[PDB]
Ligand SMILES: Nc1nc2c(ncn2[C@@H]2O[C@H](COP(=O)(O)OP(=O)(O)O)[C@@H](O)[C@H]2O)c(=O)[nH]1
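Okay, here we've got a single chain as structure tokens, the form solved without the named molecule, with questions on binding and movement later.
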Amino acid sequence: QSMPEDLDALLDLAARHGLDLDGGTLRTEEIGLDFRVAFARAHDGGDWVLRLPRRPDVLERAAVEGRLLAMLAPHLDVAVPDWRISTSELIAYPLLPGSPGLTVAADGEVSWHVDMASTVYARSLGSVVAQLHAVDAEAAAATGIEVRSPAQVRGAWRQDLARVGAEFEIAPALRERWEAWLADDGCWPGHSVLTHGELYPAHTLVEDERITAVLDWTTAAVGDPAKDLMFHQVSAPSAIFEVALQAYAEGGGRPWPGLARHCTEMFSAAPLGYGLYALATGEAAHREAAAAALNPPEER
């Protein structure tokens, strides 16, 4: 990244919260829509991450995330951020060790740092997800995250299809696929767990193809266990997903026979998530992108 021109203001901000940084090491990532992010070494040599809230309206999501991280860290063997400073103007935590399993460059180039056909990653993922899914769901709920029963998990997808269908044209081929998914009792979970919600390699750190930390916990919710296995299911060979499922069950996870089927159908319903986002933002650019995903053009 880059050396910021407001170095002195950033050092003052950390200093007034008790964090003394070596300004020679300070770099910033400016691309986030909700936070400005800085990395620096402290005077005692430790590496730090700084998150600067851009607007007061991001503080609610940060407060929930902070409560989740505090209660979750004792229950996972892998690392999560340890917020030693959490205020309106600064969130700061030690840099977690390891390298991201997937990085995206400034021009949009995606680079993978672990292969989805790896048995090592498959077993590491299944182990971490079983530990996460074992976390006490009532203590999870007290943090403020959303909570959905198995009944509410299925009903939310049914409602979501209806709401998106009322505001967007949906190609019949996609609508019929998703209706058949929602009608297949074999796909759907019979129990709810604490989930991450976006567990793909960009939100992990890896060492020797094993997960050593999991990041970006804003999507966490009690609900469908498959959400945390679906990205592996759609990207890994089927025998490698089965290695992940075996490690998941070995850790106390309780998969069901149609779980892999469910994962692929669910991933295909991503255009409904785009539609929901557009309706939430109201921004014309998001509505246009969701509309193109919900009603793709014909082949030529």
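Residue numbers run from 1 along the displayed sequence. Definition used throughout: the rigid core is the maximal C-alpha set that superposes within 1.5 Å between two forms.
There is also a form deposited with the named molecule bound; it is not shown, and the following applies to it.
S.K.: Are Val37, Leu95 and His203 jointly within 4.5 Å of the named molecule in the deposited bound form, each by at least one heavy atom?
M.R.: All of them do, each having a heavy atom within 4.5 Å of the partner.
S.K.: Among 184-192, 161-169, 210-218, 133-141, which stretch has residues with heavy atoms no more than 4.5 Å from the named molecule in the deposited bound form?
M.R.: Correct option: 210-218.
S.K.: Out of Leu69, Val49, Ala63, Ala249, which one falls within 4.5 Å of the named molecule in the deposited bound form, going by heavy atoms?
M.R.: In short, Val49.
S.K.: Exactly one of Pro257, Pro56, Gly32, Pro237 has a non-hydrogen atom within 4.5 Å of the named molecule in the deposited bound form; which residue is it?
M.R.: Of the listed residues, the single hit is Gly32.
S.K.: Could you tell me if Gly155 has a non-hydrogen atom within 4.5 Å of the named molecule in the deposited bound form?
M.R.: No, no contact at 4.5 Å.
S.K.: Under a 4.5 Å heavy atom criterion, is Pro150 part of the interface with the named molecule in the deposited bound form?
M.R.: Judged by the heavy-atom cut-off of 4.5 Å, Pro150 is well away from the named molecule in the deposited bound form.
S.K.: Once the rigid core is superposed, exactly one of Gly32, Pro257, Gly252, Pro237 has its CA displaced by 2 Å or more between this form and the one not shown; which residue is that?
M.R.: After core superposition, the one over threshold is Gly32.
S.K.: Would you say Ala105 moves between this form and the one not shown, meaning its CA shifts by 2 Å or more once the core is fitted?
M.R.: Moves: yes, 2 Å or greater.
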